[PDB]
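**Q** Below is run23.txt; it holds compact mmCIF, C-alpha atoms and all ligand atoms.
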```
# COMPACT_ATOMS: atom_id res chain seq x y z
CA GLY A 1 -25.54 -16.12 51.42
CA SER A 2 -23.52 -17.68 54.25
CA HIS A 3 -24.42 -20.98 55.72
CA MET A 4 -22.85 -22.59 58.68
CA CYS A 5 -21.90 -25.34 56.05
CA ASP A 6 -19.37 -22.82 54.57
CA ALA A 7 -16.84 -23.81 57.26
CA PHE A 8 -16.33 -27.05 55.33
CA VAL A 9 -15.75 -25.63 51.90
CA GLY A 10 -12.33 -25.87 50.36
CA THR A 11 -9.60 -28.31 49.45
CA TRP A 12 -8.31 -30.41 52.33
CA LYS A 13 -5.31 -32.75 52.29
CA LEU A 14 -4.97 -35.80 54.53
CA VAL A 15 -2.40 -35.24 57.25
CA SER A 16 -3.07 -38.08 59.68
CA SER A 17 -4.88 -41.35 59.89
CA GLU A 18 -5.53 -43.61 62.84
CA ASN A 19 -6.91 -47.11 62.79
CA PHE A 20 -8.09 -46.97 59.19
CA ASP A 21 -6.85 -50.44 58.39
CA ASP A 22 -8.95 -52.01 61.10
CA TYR A 23 -11.95 -49.88 60.18
CA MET A 24 -11.59 -51.14 56.61
CA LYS A 25 -11.42 -54.74 57.92
CA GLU A 26 -14.68 -54.21 59.74
CA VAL A 27 -16.29 -52.76 56.61
CA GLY A 28 -15.24 -55.89 54.74
CA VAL A 29 -12.55 -54.47 52.52
CA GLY A 30 -10.20 -57.06 51.11
CA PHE A 31 -6.48 -57.20 51.70
CA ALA A 32 -5.28 -55.69 48.47
CA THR A 33 -7.68 -52.78 48.49
CA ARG A 34 -6.85 -52.09 52.15
CA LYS A 35 -3.14 -51.91 51.35
CA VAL A 36 -3.47 -49.63 48.35
CA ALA A 37 -6.23 -47.48 49.80
CA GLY A 38 -4.41 -47.14 53.10
CA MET A 39 -1.37 -45.83 51.24
CA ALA A 40 -3.26 -42.99 49.59
CA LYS A 41 -3.06 -39.39 50.67
CA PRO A 42 -6.37 -38.03 49.34
CA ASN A 43 -7.50 -34.52 48.96
CA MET A 44 -11.10 -33.86 49.94
CA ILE A 45 -12.71 -31.02 48.00
CA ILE A 46 -15.94 -29.68 49.39
CA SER A 47 -18.18 -27.17 47.66
CA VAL A 48 -21.69 -25.86 47.97
CA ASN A 49 -24.02 -24.58 45.23
CA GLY A 50 -27.41 -23.64 46.56
CA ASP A 51 -28.75 -26.63 48.46
CA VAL A 52 -26.34 -29.07 46.81
CA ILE A 53 -23.18 -30.08 48.66
CA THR A 54 -20.46 -31.81 46.70
CA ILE A 55 -17.61 -33.76 48.31
CA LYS A 56 -14.92 -35.04 45.99
CA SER A 57 -11.97 -37.17 47.04
CA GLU A 58 -9.00 -37.31 44.70
CA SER A 59 -6.04 -39.63 45.12
CA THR A 60 -3.72 -41.96 43.27
CA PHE A 61 -6.00 -44.85 44.12
CA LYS A 62 -9.48 -43.67 43.15
CA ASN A 63 -11.41 -40.48 42.66
CA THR A 64 -14.88 -40.33 44.13
CA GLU A 65 -17.58 -37.70 44.15
CA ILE A 66 -20.87 -37.35 45.93
CA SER A 67 -23.39 -34.59 45.53
CA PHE A 68 -26.36 -34.44 47.85
CA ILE A 69 -28.99 -32.43 49.62
CA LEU A 70 -29.07 -32.66 53.38
CA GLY A 71 -31.70 -35.16 54.58
CA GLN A 72 -32.29 -36.67 51.15
CA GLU A 73 -31.10 -40.23 50.59
CA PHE A 74 -28.92 -41.07 47.69
CA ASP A 75 -27.10 -43.95 46.15
CA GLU A 76 -23.28 -43.89 46.54
CA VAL A 77 -20.53 -46.00 45.09
CA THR A 78 -17.66 -45.98 47.61
CA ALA A 79 -13.95 -46.01 46.68
CA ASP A 80 -13.84 -49.75 47.64
CA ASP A 81 -16.78 -50.34 45.27
CA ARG A 82 -19.60 -50.89 47.66
CA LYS A 83 -23.00 -49.73 46.40
CA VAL A 84 -24.57 -48.10 49.44
CA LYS A 85 -27.60 -46.02 50.36
CA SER A 86 -26.54 -42.82 52.10
CA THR A 87 -28.14 -39.99 53.97
CA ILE A 88 -26.25 -36.95 55.25
CA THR A 89 -27.58 -34.41 57.72
CA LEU A 90 -26.09 -31.54 59.74
CA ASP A 91 -26.38 -32.12 63.49
CA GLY A 92 -25.06 -29.39 65.64
CA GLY A 93 -22.56 -28.23 63.07
CA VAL A 94 -21.31 -31.78 62.27
CA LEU A 95 -22.05 -33.49 58.98
CA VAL A 96 -23.39 -36.93 59.86
CA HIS A 97 -23.32 -39.52 57.03
CA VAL A 98 -24.85 -42.95 57.34
CA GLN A 99 -24.13 -45.65 54.71
CA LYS A 100 -26.23 -48.76 54.57
CA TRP A 101 -25.64 -51.87 52.48
CA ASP A 102 -26.29 -55.60 52.80
CA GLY A 103 -27.80 -55.17 56.27
CA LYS A 104 -24.68 -53.32 57.48
CA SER A 105 -24.19 -49.69 58.41
CA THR A 106 -21.39 -47.28 59.02
CA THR A 107 -21.43 -43.69 60.31
CA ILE A 108 -19.04 -41.01 59.09
CA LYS A 109 -18.86 -37.71 60.95
CA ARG A 110 -17.13 -34.67 59.46
CA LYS A 111 -16.30 -31.84 61.85
CA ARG A 112 -14.42 -28.57 61.64
CA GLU A 113 -12.04 -28.26 64.58
CA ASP A 114 -9.55 -25.38 64.63
CA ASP A 115 -8.03 -25.31 61.11
CA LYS A 116 -8.68 -29.00 60.56
CA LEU A 117 -11.40 -31.15 59.13
CA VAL A 118 -11.71 -34.20 61.34
CA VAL A 119 -13.42 -37.27 59.88
CA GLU A 120 -14.47 -40.04 62.23
CA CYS A 121 -15.70 -43.32 60.81
CA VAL A 122 -17.31 -45.92 62.97
CA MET A 123 -18.62 -49.44 62.27
CA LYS A 124 -19.81 -51.53 65.19
CA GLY A 125 -17.16 -50.74 67.77
CA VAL A 126 -14.32 -49.89 65.36
CA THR A 127 -13.42 -46.20 64.91
CA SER A 128 -10.99 -44.47 62.65
CA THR A 129 -10.00 -40.86 62.72
CA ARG A 130 -8.63 -39.05 59.66
CA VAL A 131 -7.47 -35.46 59.85
CA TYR A 132 -7.29 -33.10 56.92
CA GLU A 133 -5.76 -29.63 56.67
CA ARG A 134 -6.18 -26.92 54.01
CA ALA A 135 -4.24 -27.69 50.88
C1 LIG B 1 -8.13 -43.22 48.60
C2 LIG B 1 -9.45 -42.88 48.14
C3 LIG B 1 -10.54 -43.09 48.99
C4 LIG B 1 -10.36 -43.68 50.27
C5 LIG B 1 -11.47 -43.95 51.11
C6 LIG B 1 -12.17 -45.27 51.30
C7 LIG B 1 -13.21 -45.27 52.25
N1 LIG B 1 -13.73 -44.19 52.88
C8 LIG B 1 -13.03 -43.08 52.73
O1 LIG B 1 -13.49 -41.99 53.33
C9 LIG B 1 -14.31 -42.17 54.43
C10 LIG B 1 -13.77 -41.30 55.38
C11 LIG B 1 -14.26 -39.99 54.92
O2 LIG B 1 -15.36 -40.22 54.09
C12 LIG B 1 -15.58 -41.62 54.02
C13 LIG B 1 -11.91 -42.92 51.84
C14 LIG B 1 -11.36 -41.56 51.73
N2 LIG B 1 -11.78 -40.68 50.87
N3 LIG B 1 -11.12 -39.54 51.12
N4 LIG B 1 -10.24 -39.77 52.12
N5 LIG B 1 -10.37 -41.05 52.51
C15 LIG B 1 -14.03 -46.52 52.51
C16 LIG B 1 -13.27 -47.74 53.13
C17 LIG B 1 -12.20 -48.31 52.14
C18 LIG B 1 -11.20 -47.49 51.43
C19 LIG B 1 -11.87 -46.55 50.65
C20 LIG B 1 -9.21 -44.06 50.65
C21 LIG B 1 -8.06 -43.87 49.85
```
For the file at hand, write its structure as structure tokens.
Ligand SMILES: c1ccc(-c2c3c(nc(O[C@H]4CCOC4)c2-c2nnn[nH]2)CCCCC3)cc1

**A**
Amino acid sequence: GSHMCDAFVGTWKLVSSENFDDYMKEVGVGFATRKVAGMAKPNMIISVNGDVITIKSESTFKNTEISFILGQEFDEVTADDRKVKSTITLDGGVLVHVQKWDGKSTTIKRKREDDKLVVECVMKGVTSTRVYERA
């Protein structure tokens, strides 16, 4: 039946982005990828089937898809082509996603706030906020 996770399901379109270029610099994304990725207006499509959560991002730049079980590490290829080890948990209603690669780490939080899905990405001190609304 219902899970608190249901608040995330649906198709969400990017409506605002703040500081993503600098976040991508901190991650180590090269100039060209930053420019083209920063231009994109992805949709994020979230679905749940049993214990498996799937998050797909679709854009003109790249399409990505992760499927996972909360608390169970998985290997992820990011849109910028990093091969990372990821674990996603629910903490107080927030999806918390850590990506580790090459001795580096980044944390991505996904939260439902009003009718928005708010995604906060942090690496060292650099934060980006991306807001999505229902498509
Ligand atoms: C088109 C397709 C994908 C991206 C993209 C990227 C990154 N991370 C993203 O997402 C973060 C934030 C939410 O989850 C993880 C998104 C993304 N996917 N969906 N929206 N933005 C990693 C850094 C470099 C750029 C690649 C951007 C443009």

**Q** Show me the residues close to (-5.2, -41.5, 63.8) - anything with an atom within 9 Å, counting all atoms listed in the file - and format the list as a ChimeraX atom specification.

**A** /A:16-20,128-131

**Q** Go through A:89, A:9, A:2, A:121 and flag the residue nearest ligand LIG 1 (chain B), using only C-alpha atoms and all ligand atoms for the distances.

**A**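 That would be A:121, the residue with the smallest distance to ligand LIG 1 (chain B).
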
**Q** Just want the 10 Å neighbourhood of residue 79 in chain A, counted on all atoms listed in the file, with same-chain residues fewer than 4 positions away dropped. Output as number ranges by chain.

**A** A: 33, 37, 57, 61-65, 83

**Q** Between CA of residue 47 in chain A and CA of residue 93 in chain A, measure the distance and give it in Å to one decimal.

**A**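 Interatomic distance here is 16.1 Å.
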
**Q** For residue 127 in chain A, which residue out of A:85, A:25, A:35, A:100 is the nearest one, using all atoms listed in the file?

**A**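 Nearest to residue 127 in chain A: A:25.
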
**Q** Taking all listed atoms of ligand LIG 1 (chain B), build the axis-aligned box, pad each of the six sides by 3 Å, then write its centre and edge lengths in Å to one decimal as JSON.

**A**
```
{"center_x": -11.8, "center_y": -43.9, "center_z": 51.8, "size_x": 13.5, "size_y": 14.8, "size_z": 13.2}
```

**Q** Mind giving me the straight-line distance from CA of residue 12 in chain A to CA of residue 28 in chain A in Å, one decimal?

**A** 26.5 Å

**Q** Nearest to ligand LIG 1 (chain B): which of A:103, A:38, A:71, A:125 is it, counting all atoms listed in the file?

**A**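 Answer, going by the shortest atom-to-atom distance: A:38.
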
**Q** Considering only C-alpha atoms, can you say which of A:97, A:124, A:34, A:110 comes closest to residue 46 in chain A?

**A**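 For residue 46 in chain A, the nearest of the candidates is A:110.
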
**Q** Please identify all polymer residues within 12 Å of residue 113 in chain A, counting all atoms listed in the file, omitting same-chain residues fewer than 5 positions from it, and present them as number ranges by chain.

**A** A: 7-8, 93-94, 118-119, 131-133

**Q** Out of A:22, A:134, A:13, A:72, which residue has the shortest atom-to-atom distance to residue 44 in chain A when counting only C-alpha atoms?

**A**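 That would be A:13, the residue with the smallest distance to residue 44 in chain A.
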
**Q** For CA of residue 36 in chain A and CA of residue 99 in chain A, quote the distance in Å rounded to one decimal.

**A** 22.0 Å

**Q** So which residues touch residue 68 in chain A within 12 Å, counting only C-alpha atoms, skipping near sequence neighbours fewer than 5 positions away, as a PyMOL selection string?

**A** chain A and resi 46-56+73-76+85-89+95+97

**Q** Got time to write the residues from that selection, C-alpha atoms, as a PDB file, keeping the file's coordinate frame?

**A**
```pdb
ATOM      1  CA  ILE A  46     -15.940 -29.680  49.390  1.00  0.00           C
ATOM      2  CA  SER A  47     -18.180 -27.170  47.660  1.00  0.00           C
ATOM      3  CA  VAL A  48     -21.690 -25.860  47.970  1.00  0.00           C
ATOM      4  CA  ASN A  49     -24.020 -24.580  45.230  1.00  0.00           C
ATOM      5  CA  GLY A  50     -27.410 -23.640  46.560  1.00  0.00           C
ATOM      6  CA  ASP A  51     -28.750 -26.630  48.460  1.00  0.00           C
ATOM      7  CA  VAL A  52     -26.340 -29.070  46.810  1.00  0.00           C
ATOM      8  CA  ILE A  53     -23.180 -30.080  48.660  1.00  0.00           C
ATOM      9  CA  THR A  54     -20.460 -31.810  46.700  1.00  0.00           C
ATOM     10  CA  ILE A  55     -17.610 -33.760  48.310  1.00  0.00           C
ATOM     11  CA  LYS A  56     -14.920 -35.040  45.990  1.00  0.00           C
ATOM     12  CA  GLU A  73     -31.100 -40.230  50.590  1.00  0.00           C
ATOM     13  CA  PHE A  74     -28.920 -41.070  47.690  1.00  0.00           C
ATOM     14  CA  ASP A  75     -27.100 -43.950  46.150  1.00  0.00           C
ATOM     15  CA  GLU A  76     -23.280 -43.890  46.540  1.00  0.00           C
ATOM     16  CA  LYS A  85     -27.600 -46.020  50.360  1.00  0.00           C
ATOM     17  CA  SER A  86     -26.540 -42.820  52.100  1.00  0.00           C
ATOM     18  CA  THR A  87     -28.140 -39.990  53.970  1.00  0.00           C
ATOM     19  CA  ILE A  88     -26.250 -36.950  55.250  1.00  0.00           C
ATOM     20  CA  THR A  89     -27.580 -34.410  57.720  1.00  0.00           C
ATOM     21  CA  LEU A  95     -22.050 -33.490  58.980  1.00  0.00           C
ATOM     22  CA  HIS A  97     -23.320 -39.520  57.030  1.00  0.00           C
TER      23      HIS A  97
END
```

**Q** Could you check the closest approach to ligand LIG 1 (chain B) for each of A:32, A:4, A:84, A:40 and tell me which residue wins, using all atoms listed in the file?

**A**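 With all atoms listed in the file as the atom set, the closest residue is A:40.
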
**Q** For the point (-23.9, -52.0, 58.9) in file coordinates, what residues are within 10 Å, counting all atoms listed in the file? Give the answer as a VMD selection string?

**A** chain A and resid 26 to 27 98 to 107 122 to 124
